[PDB]
$ cat final_29.txt   # compact mmCIF, C-alpha atoms and all ligand atoms
# COMPACT_ATOMS: atom_id res chain seq x y z
CA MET A 1 0.10 -1.90 -17.96
CA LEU A 2 2.39 -4.88 -17.27
CA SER A 3 2.48 -6.03 -20.89
CA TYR A 4 6.30 -6.06 -20.96
CA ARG A 5 7.90 -9.50 -20.62
CA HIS A 6 11.64 -9.64 -20.04
CA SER A 7 11.79 -13.05 -21.76
CA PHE A 8 11.74 -11.19 -25.11
CA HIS A 9 14.96 -9.29 -24.27
CA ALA A 10 16.83 -11.53 -21.84
CA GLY A 11 20.55 -11.82 -22.49
CA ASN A 12 20.69 -8.93 -24.96
CA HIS A 13 23.49 -6.35 -24.89
CA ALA A 14 21.70 -4.34 -22.19
CA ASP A 15 21.55 -7.39 -19.88
CA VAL A 16 25.22 -8.09 -20.58
CA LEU A 17 26.27 -4.61 -19.42
CA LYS A 18 23.78 -4.59 -16.55
CA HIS A 19 24.80 -7.99 -15.18
CA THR A 20 28.52 -7.30 -15.70
CA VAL A 21 28.17 -4.24 -13.46
CA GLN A 22 25.91 -6.03 -10.97
CA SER A 23 28.38 -8.91 -10.64
CA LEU A 24 31.38 -6.62 -10.13
CA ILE A 25 29.59 -4.68 -7.39
CA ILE A 26 28.62 -7.92 -5.61
CA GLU A 27 32.17 -9.25 -5.79
CA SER A 28 33.41 -6.01 -4.24
CA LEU A 29 30.85 -6.22 -1.41
CA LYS A 30 31.98 -9.81 -0.76
CA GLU A 31 35.52 -8.58 0.04
CA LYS A 32 34.33 -8.03 3.63
CA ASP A 33 32.92 -10.93 5.65
CA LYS A 34 30.04 -8.87 7.04
CA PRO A 35 26.67 -9.75 5.44
CA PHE A 36 24.95 -7.52 2.92
CA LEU A 37 21.57 -7.16 1.24
CA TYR A 38 20.84 -7.52 -2.46
CA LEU A 39 17.62 -5.61 -3.24
CA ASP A 40 16.05 -6.04 -6.72
CA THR A 41 13.05 -3.74 -7.18
CA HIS A 42 12.05 -5.04 -10.67
CA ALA A 43 13.30 -8.60 -10.49
CA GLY A 44 11.70 -10.38 -13.47
CA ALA A 45 11.06 -14.10 -13.74
CA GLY A 46 14.51 -15.21 -12.59
CA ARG A 47 15.62 -17.36 -15.53
CA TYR A 48 14.76 -17.22 -19.23
CA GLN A 49 14.56 -19.96 -21.83
CA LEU A 50 16.46 -18.65 -24.84
CA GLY A 51 15.76 -21.44 -27.33
CA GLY A 59 16.50 -13.49 -30.39
CA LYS A 60 18.42 -10.45 -29.18
CA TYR A 61 20.54 -12.69 -26.92
CA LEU A 62 22.36 -13.74 -30.10
CA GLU A 63 23.82 -10.22 -30.23
CA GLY A 64 24.48 -10.16 -26.49
CA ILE A 65 25.48 -12.99 -24.16
CA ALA A 66 26.07 -15.40 -27.07
CA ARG A 67 28.93 -13.19 -28.29
CA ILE A 68 30.98 -13.33 -25.06
CA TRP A 69 30.22 -16.36 -22.90
CA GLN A 70 32.51 -18.83 -24.71
CA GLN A 71 35.41 -16.52 -25.62
CA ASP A 72 38.83 -17.98 -24.76
CA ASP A 73 40.26 -14.58 -23.74
CA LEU A 74 37.50 -13.56 -21.34
CA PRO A 75 38.69 -10.62 -19.19
CA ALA A 76 39.02 -11.28 -15.47
CA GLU A 77 36.32 -8.64 -14.87
CA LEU A 78 33.75 -10.97 -16.50
CA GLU A 79 34.66 -14.28 -14.85
CA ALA A 80 32.20 -14.22 -11.94
CA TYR A 81 29.32 -13.29 -14.24
CA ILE A 82 30.14 -15.71 -17.05
CA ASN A 83 30.67 -18.55 -14.55
CA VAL A 84 27.07 -18.12 -13.40
CA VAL A 85 25.93 -18.28 -17.04
CA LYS A 86 28.00 -21.45 -17.50
CA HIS A 87 26.51 -22.89 -14.29
CA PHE A 88 23.07 -22.85 -15.94
CA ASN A 89 24.44 -24.20 -19.25
CA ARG A 90 27.03 -26.84 -18.42
CA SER A 91 26.39 -28.67 -21.73
CA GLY A 92 28.09 -25.83 -23.60
CA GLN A 93 24.82 -25.05 -25.39
CA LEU A 94 23.21 -21.67 -24.68
CA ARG A 95 19.71 -22.56 -23.45
CA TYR A 96 18.97 -20.59 -20.25
CA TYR A 97 19.87 -17.07 -19.23
CA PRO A 98 20.08 -16.24 -15.50
CA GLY A 99 18.48 -12.90 -14.67
CA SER A 100 19.63 -10.49 -11.99
CA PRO A 101 17.99 -12.56 -9.17
CA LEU A 102 19.81 -15.75 -10.17
CA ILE A 103 23.14 -13.96 -10.64
CA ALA A 104 22.71 -12.72 -7.07
CA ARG A 105 21.47 -16.11 -5.84
CA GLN A 106 24.67 -17.76 -7.09
CA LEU A 107 27.15 -15.01 -6.16
CA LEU A 108 25.85 -14.10 -2.69
CA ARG A 109 27.20 -15.98 0.33
CA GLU A 110 25.40 -17.97 3.03
CA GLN A 111 25.23 -14.92 5.31
CA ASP A 112 23.76 -12.55 2.70
CA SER A 113 20.10 -11.65 2.04
CA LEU A 114 17.94 -11.11 -1.05
CA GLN A 115 14.81 -8.99 -1.31
CA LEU A 116 13.07 -9.36 -4.68
CA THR A 117 9.87 -7.90 -6.08
CA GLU A 118 8.05 -8.61 -9.34
CA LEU A 119 4.54 -7.36 -10.19
CA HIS A 120 3.67 -9.29 -13.38
CA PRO A 121 1.16 -12.03 -12.47
CA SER A 122 2.81 -14.72 -14.62
CA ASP A 123 6.44 -13.87 -13.85
CA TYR A 124 6.09 -13.49 -10.06
CA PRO A 125 5.24 -17.21 -9.52
CA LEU A 126 8.18 -18.22 -11.72
CA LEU A 127 10.45 -16.02 -9.62
CA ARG A 128 9.02 -17.48 -6.41
CA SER A 129 9.79 -21.00 -7.62
CA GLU A 130 13.47 -20.12 -8.09
CA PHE A 131 13.74 -19.33 -4.36
CA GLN A 132 11.38 -21.88 -2.75
CA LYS A 133 14.31 -23.54 -0.92
CA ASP A 134 16.50 -20.44 -0.36
CA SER A 135 15.86 -19.00 3.11
CA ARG A 136 18.13 -16.02 2.34
CA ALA A 137 15.51 -14.61 -0.02
CA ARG A 138 12.13 -12.96 0.22
CA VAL A 139 10.03 -12.70 -2.96
CA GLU A 140 6.97 -10.43 -3.06
CA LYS A 141 4.38 -9.44 -5.68
CA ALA A 142 4.53 -5.72 -4.94
CA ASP A 143 5.54 -2.36 -6.36
CA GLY A 144 9.33 -2.27 -6.51
CA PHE A 145 9.53 1.48 -5.97
CA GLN A 146 7.77 1.04 -2.60
CA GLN A 147 10.53 -1.32 -1.50
CA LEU A 148 13.02 1.58 -1.51
CA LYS A 149 11.03 2.83 1.49
CA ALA A 150 10.03 -0.44 3.12
CA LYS A 151 13.25 -2.49 2.92
CA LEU A 152 15.91 0.15 3.62
CA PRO A 153 18.14 0.39 5.48
CA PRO A 154 19.02 -3.28 5.79
CA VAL A 155 19.88 -4.43 9.29
CA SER A 156 23.24 -5.47 7.84
CA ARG A 157 23.86 -1.79 6.91
CA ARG A 158 25.46 -2.97 3.63
CA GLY A 159 23.85 -3.49 0.27
CA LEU A 160 23.47 -3.29 -3.47
CA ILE A 161 20.13 -1.94 -4.69
CA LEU A 162 19.38 -2.69 -8.37
CA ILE A 163 16.60 -0.57 -9.89
CA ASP A 164 15.79 -2.06 -13.30
CA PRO A 165 12.32 -1.07 -14.57
CA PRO A 166 11.15 -1.63 -18.16
CA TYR A 167 10.16 2.01 -18.85
CA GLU A 168 6.92 0.70 -20.33
CA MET A 169 5.14 3.40 -18.31
CA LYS A 170 6.76 6.77 -19.01
CA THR A 171 6.39 7.54 -15.29
CA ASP A 172 9.44 5.32 -14.68
CA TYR A 173 11.73 8.16 -15.78
CA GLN A 174 10.58 10.20 -12.78
CA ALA A 175 9.89 7.28 -10.42
CA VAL A 176 13.50 6.05 -10.50
CA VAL A 177 14.76 9.45 -9.34
CA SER A 178 12.14 9.86 -6.61
CA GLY A 179 12.74 6.27 -5.55
CA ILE A 180 16.51 6.70 -5.35
CA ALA A 181 15.99 9.83 -3.27
CA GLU A 182 13.80 7.91 -0.80
CA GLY A 183 16.18 4.95 -0.64
CA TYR A 184 19.24 7.17 -0.24
CA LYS A 185 17.58 9.08 2.59
CA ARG A 186 17.15 5.80 4.50
CA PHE A 187 20.47 4.24 3.43
CA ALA A 188 23.01 6.81 2.17
CA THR A 189 26.00 4.44 2.12
CA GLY A 190 24.40 1.78 -0.07
CA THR A 191 25.38 1.20 -3.68
CA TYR A 192 22.48 2.02 -6.02
CA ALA A 193 22.62 0.76 -9.61
CA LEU A 194 19.98 2.19 -11.95
CA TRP A 195 19.55 0.66 -15.41
CA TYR A 196 18.20 2.85 -18.23
CA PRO A 197 17.54 2.45 -21.98
CA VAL A 198 18.43 5.01 -24.62
CA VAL A 199 15.37 5.19 -26.83
CA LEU A 200 14.92 8.96 -26.39
CA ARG A 201 18.19 10.64 -25.42
CA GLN A 202 16.52 13.84 -24.25
CA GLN A 203 14.42 11.96 -21.71
CA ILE A 204 17.60 10.39 -20.33
CA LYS A 205 19.20 13.84 -20.08
CA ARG A 206 16.05 15.06 -18.29
CA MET A 207 16.25 12.13 -15.86
CA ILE A 208 19.93 12.73 -15.13
CA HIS A 209 19.23 16.43 -14.59
CA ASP A 210 16.56 15.51 -12.04
CA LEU A 211 19.01 13.13 -10.36
CA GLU A 212 21.71 15.81 -10.10
CA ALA A 213 19.11 18.13 -8.57
CA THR A 214 18.66 15.74 -5.61
CA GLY A 215 22.10 16.78 -4.35
CA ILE A 216 23.25 13.15 -4.12
CA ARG A 217 27.02 12.90 -4.66
CA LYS A 218 29.41 10.27 -6.10
CA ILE A 219 27.38 9.29 -9.16
CA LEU A 220 29.03 7.26 -11.93
CA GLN A 221 27.59 6.62 -15.42
CA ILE A 222 28.45 3.52 -17.50
CA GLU A 223 26.96 3.38 -21.00
CA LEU A 224 27.19 0.94 -23.90
CA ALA A 225 25.72 1.93 -27.27
CA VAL A 226 25.44 -0.46 -30.20
CA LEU A 227 24.54 2.43 -32.56
CA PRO A 228 24.73 6.24 -32.33
CA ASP A 229 21.80 8.11 -30.84
CA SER A 230 18.84 8.30 -33.18
CA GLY A 234 14.41 1.88 -31.09
CA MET A 235 16.86 1.26 -28.25
CA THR A 236 20.37 2.14 -29.43
CA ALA A 237 22.15 2.02 -26.05
CA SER A 238 21.67 1.31 -22.38
CA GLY A 239 23.46 2.29 -19.23
CA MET A 240 24.03 1.83 -15.51
CA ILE A 241 24.01 4.84 -13.18
CA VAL A 242 25.86 3.87 -10.00
CA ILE A 243 25.64 5.86 -6.77
CA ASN A 244 28.44 5.03 -4.32
CA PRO A 245 30.35 2.79 -6.74
CA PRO A 246 32.92 0.49 -5.16
CA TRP A 247 36.26 2.20 -5.49
CA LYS A 248 37.49 -0.30 -8.10
CA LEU A 249 34.45 -0.14 -10.39
CA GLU A 250 35.56 2.76 -12.61
CA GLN A 251 38.92 1.12 -13.36
CA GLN A 252 37.29 -2.29 -13.85
CA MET A 253 35.01 -0.76 -16.46
CA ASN A 254 37.89 1.05 -18.17
CA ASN A 255 39.60 -2.36 -18.31
CA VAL A 256 36.67 -4.32 -19.71
CA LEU A 257 34.49 -1.96 -21.77
CA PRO A 258 36.79 -1.91 -24.86
CA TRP A 259 36.76 -5.72 -25.03
CA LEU A 260 33.01 -5.88 -24.29
CA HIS A 261 32.15 -3.34 -26.98
CA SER A 262 34.38 -5.04 -29.55
CA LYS A 263 32.65 -8.41 -28.97
CA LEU A 264 29.07 -7.14 -28.64
CA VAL A 265 29.47 -4.73 -31.58
CA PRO A 266 32.02 -6.16 -34.05
CA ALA A 267 31.42 -3.37 -36.58
CA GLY A 268 32.46 -0.73 -34.00
CA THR A 269 29.33 1.42 -34.10
CA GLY A 270 28.19 3.26 -30.98
CA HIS A 271 30.41 3.65 -27.93
CA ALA A 272 31.26 2.33 -24.48
CA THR A 273 32.01 4.97 -21.85
CA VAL A 274 32.47 5.40 -18.12
CA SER A 275 32.27 8.94 -16.71
CA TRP A 276 30.96 10.80 -13.67
CA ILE A 277 27.61 12.52 -13.41
CA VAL A 278 28.59 13.99 -10.04
CA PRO A 279 32.37 13.66 -9.61
CA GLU A 280 34.40 13.43 -6.43
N1 LIG A 301 6.12 -1.33 -10.37
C1 LIG A 301 6.77 -2.48 -10.58
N2 LIG A 301 7.26 -3.16 -9.49
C2 LIG A 301 7.94 -4.35 -9.62
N3 LIG A 301 8.13 -4.86 -10.89
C3 LIG A 301 7.66 -4.20 -11.96
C4 LIG A 301 6.97 -3.01 -11.85
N4 LIG A 301 6.64 -2.61 -13.11
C5 LIG A 301 7.11 -3.52 -14.00
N5 LIG A 301 7.71 -4.53 -13.29
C6 LIG A 301 8.48 -5.67 -13.76
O1 LIG A 301 9.76 -5.09 -13.99
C7 LIG A 301 10.55 -5.97 -14.79
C8 LIG A 301 11.57 -5.22 -15.64
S1 LIG A 301 12.74 -6.33 -16.50
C9 LIG A 301 13.63 -6.82 -15.00
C10 LIG A 301 14.83 -7.71 -15.35
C11 LIG A 301 15.70 -8.21 -14.20
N6 LIG A 301 16.09 -7.14 -13.28
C12 LIG A 301 16.96 -8.89 -14.75
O2 LIG A 301 18.01 -8.26 -14.85
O3 LIG A 301 16.94 -10.08 -15.09
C13 LIG A 301 9.51 -6.81 -15.56
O4 LIG A 301 9.65 -8.14 -15.12
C14 LIG A 301 8.16 -6.23 -15.14
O5 LIG A 301 7.12 -7.17 -15.03
$ encode --input "final_29.txt" --output "structure tokens" --more "lines below"
Ligand SMILES: Nc1ncnc2c1ncn2[C@@H]1O[C@H](CSCC[C@H](N)C(=O)O)[C@@H](O)[C@H]1O
Amino acid sequence: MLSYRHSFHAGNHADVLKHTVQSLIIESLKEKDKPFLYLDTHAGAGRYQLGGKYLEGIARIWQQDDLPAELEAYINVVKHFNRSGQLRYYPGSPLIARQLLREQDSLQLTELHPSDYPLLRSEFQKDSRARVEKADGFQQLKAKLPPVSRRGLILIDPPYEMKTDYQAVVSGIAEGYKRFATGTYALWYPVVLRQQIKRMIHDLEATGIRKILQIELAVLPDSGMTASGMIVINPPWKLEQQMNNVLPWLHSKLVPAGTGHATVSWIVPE
């Protein structure tokens, strides 16, 4: 295992949707002064040298003059790592959180790949808010929850290299939710095999967990990876409307020909 490297995919359309949603959840959590935890089970290397799927993702939005307000926090982090105006580095989920989180907040990050873990550690060598471990991310849903702050965003973002991930994300969410039922859980998934995503969502419904939102962006109709999504348990109350505001613009820029779709809907509605 562990042959996947996120550097091959960083900044693609999936990362754009994923990090849009991650950023909006973090900004909502920051509306209250009380600290919160950011927990990243499959954290990656931290930052990625781009120079090419990023050309069809982040490159198509980060310098647009009419950037929706819902993208400003995210795109400002991307600009922070590229102040020359040239697209050279892409900040992964840990660096988006590192820049958006406040002094009082905490980060718990895990990465198993033996070359990418040390790169991730280096990004946080002077940041006492963060802990970085070379450990199984699914175990952290038991070990690190609930946070003492009793507030948090948990991002579960595996590569689905091992087909066991389709079941492990549901089991892992169930274990995390048992320990921390008020947290916001954001699960990223690819659409390579639609029926396996339907199977996964069926298993998730069967847990009995309520308030489950689904955000999906497809660059092509169902048929490699044609789409990806974010399943969000306990979304901030504004998230659905924020996505209805921003998904049409996002899909039109990421997919100029109009193929595919961009939807927000409920798996388990209120
Ligand atoms: N069991 C496991 N525990 C922790 N990390 C794992 C894992 N299995 C695979 N990985 C790592 O999971 C990552 C998925 S890509 C993660 C990207 C990151 N969240 C971002 O948005 O920037 C890869 O870096 C891979 O090495």
$ residues_near_ligand --input "final_29.txt" --ligand "ligand LIG 301 (chain A)" --cutoff "8 Å" --atoms "only C-alpha atoms and all ligand atoms" --output "MDAnalysis selection string"
chainID A and resid 2:6 10 15 18:19 40:47 98:101 117:120 123 141:145 162:168
$ residues_around --input "final_29.txt" --residues "residue 152 (chain A)" --least-positions-apart "2" --cutoff "9 Å" --atoms "all atoms listed in the file" --output "list in words"
residues 147, 148, 149, 150, 154, 155, 157, 183, 184, 186 and 187 of chain A
$ residues_around --input "final_29.txt" --residues "residue 273 (chain A)" --least-positions-apart "3" --cutoff "12 Å" --atoms "all atoms listed in the file" --output "PyMOL selection string"
chain A and resi 17+220-226+237-241+250-251+253-258+260-261+270+276
$ closest_residue --input "final_29.txt" --among "A:136, A:9, A:87, A:271" --to "residue 60 (chain A)" --atoms "all atoms listed in the file"
A:9
$ closest_residue --input "final_29.txt" --among "A:197, A:35, A:190, A:11" --to "residue 170 (chain A)" --atoms "all atoms listed in the file"
A:197
$ closest_residue --input "final_29.txt" --among "A:156, A:146, A:263, A:76" --to "residue 13 (chain A)" --atoms "all atoms listed in the file"
A:263
$ axis_aligned_box --input "final_29.txt" --around "region 263-276 of chain A" --padding-each-side "6 Å" --output "AutoDock Vina command-line options"
--center_x 30.4 --center_y 1.2 --center_z -25.1 --size_x 16.5 --size_y 31.2 --size_z 34.9
$ atom_distance --input "final_29.txt" --atom1 "CA of residue 107 (chain A)" --atom2 "CA of residue 130 (chain A)"
14.7 Å
$ closest_residue --input "final_29.txt" --among "A:138, A:16, A:124, A:96" --to "residue 81 (chain A)" --atoms "all atoms listed in the file"
A:16
$ residues_around --input "final_29.txt" --residues "residue 78 (chain A)" --least-positions-apart "2" --cutoff "9 Å" --atoms "all atoms listed in the file" --output "number ranges by chain"
A: 20, 23-24, 74-76, 80-83, 256
$ atom_distance --input "final_29.txt" --atom1 "CA of residue 208 (chain A)" --atom2 "CA of residue 279 (chain A)"
13.6 Å
$ atom_distance --input "final_29.txt" --atom1 "CA of residue 214 (chain A)" --atom2 "CA of residue 161 (chain A)"
17.8 Å
$ closest_residue --input "final_29.txt" --among "A:114, A:137, A:265, A:188" --to "residue 65 (chain A)" --atoms "only C-alpha atoms"
A:265
$ closest_residue --input "final_29.txt" --among "A:264, A:227, A:1, A:274" --to "residue 198 (chain A)" --atoms "all atoms listed in the file"
A:227
$ build_atoms --input "final_29.txt" --residues "region 252-276 of chain A" --atoms "N, CA and C atoms" --output "tab-separated table (two decimals), in the coordinates of the input"
chain	number	residue	atom	x	y	z
A	252	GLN	N	37.75	-1.03	-13.27
A	252	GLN	CA	37.29	-2.29	-13.85
A	252	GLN	C	36.56	-2.07	-15.16
A	253	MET	N	35.73	-1.02	-15.23
A	253	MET	CA	35.01	-0.76	-16.46
A	253	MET	C	35.93	-0.21	-17.54
A	254	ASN	N	36.91	0.61	-17.17
A	254	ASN	CA	37.89	1.05	-18.17
A	254	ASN	C	38.69	-0.13	-18.72
A	255	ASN	N	38.90	-1.15	-17.89
A	255	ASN	CA	39.60	-2.36	-18.31
A	255	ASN	C	38.77	-3.18	-19.29
A	256	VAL	N	37.47	-3.29	-19.06
A	256	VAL	CA	36.67	-4.32	-19.71
A	256	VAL	C	35.75	-3.77	-20.80
A	257	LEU	N	35.40	-2.50	-20.76
A	257	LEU	CA	34.49	-1.96	-21.77
A	257	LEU	C	35.04	-2.03	-23.19
A	258	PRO	N	36.32	-1.76	-23.47
A	258	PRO	CA	36.79	-1.91	-24.86
A	258	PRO	C	36.60	-3.32	-25.40
A	259	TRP	N	36.98	-4.34	-24.62
A	259	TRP	CA	36.76	-5.72	-25.03
A	259	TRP	C	35.27	-6.02	-25.20
A	260	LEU	N	34.45	-5.64	-24.21
A	260	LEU	CA	33.01	-5.88	-24.29
A	260	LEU	C	32.41	-5.25	-25.54
A	261	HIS	N	32.76	-3.99	-25.83
A	261	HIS	CA	32.15	-3.34	-26.98
A	261	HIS	C	32.63	-3.98	-28.28
A	262	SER	N	33.89	-4.42	-28.33
A	262	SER	CA	34.38	-5.04	-29.55
A	262	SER	C	33.70	-6.39	-29.81
A	263	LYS	N	33.31	-7.12	-28.76
A	263	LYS	CA	32.65	-8.41	-28.97
A	263	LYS	C	31.15	-8.26	-29.20
A	264	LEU	N	30.50	-7.36	-28.45
A	264	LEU	CA	29.07	-7.14	-28.64
A	264	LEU	C	28.77	-6.43	-29.94
A	265	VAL	N	29.69	-5.58	-30.41
A	265	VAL	CA	29.47	-4.73	-31.58
A	265	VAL	C	30.68	-4.85	-32.50
A	266	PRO	N	30.80	-5.94	-33.25
A	266	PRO	CA	32.02	-6.16	-34.05
A	266	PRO	C	32.27	-5.08	-35.08
A	267	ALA	N	31.23	-4.41	-35.56
A	267	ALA	CA	31.42	-3.37	-36.58
A	267	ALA	C	31.93	-2.06	-36.00
A	268	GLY	N	31.92	-1.91	-34.67
A	268	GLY	CA	32.46	-0.73	-34.00
A	268	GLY	C	31.50	0.43	-33.80
A	269	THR	N	30.24	0.29	-34.19
A	269	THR	CA	29.33	1.42	-34.10
A	269	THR	C	28.96	1.68	-32.64
A	270	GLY	N	28.54	2.91	-32.36
A	270	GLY	CA	28.19	3.26	-30.98
A	270	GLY	C	29.41	3.60	-30.15
A	271	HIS	N	29.35	3.26	-28.87
A	271	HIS	CA	30.41	3.65	-27.93
A	271	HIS	C	30.26	2.85	-26.65
A	272	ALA	N	31.30	2.90	-25.82
A	272	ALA	CA	31.26	2.33	-24.48
A	272	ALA	C	32.09	3.24	-23.59
A	273	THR	N	31.42	3.91	-22.65
A	273	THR	CA	32.01	4.97	-21.85
A	273	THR	C	31.74	4.76	-20.37
A	274	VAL	N	32.68	5.24	-19.55
A	274	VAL	CA	32.47	5.40	-18.12
A	274	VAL	C	32.91	6.82	-17.75
A	275	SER	N	32.03	7.54	-17.07
A	275	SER	CA	32.27	8.94	-16.71
A	275	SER	C	31.43	9.24	-15.48
A	276	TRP	N	31.64	10.42	-14.90
A	276	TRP	CA	30.96	10.80	-13.67
A	276	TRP	C	29.84	11.79	-13.97
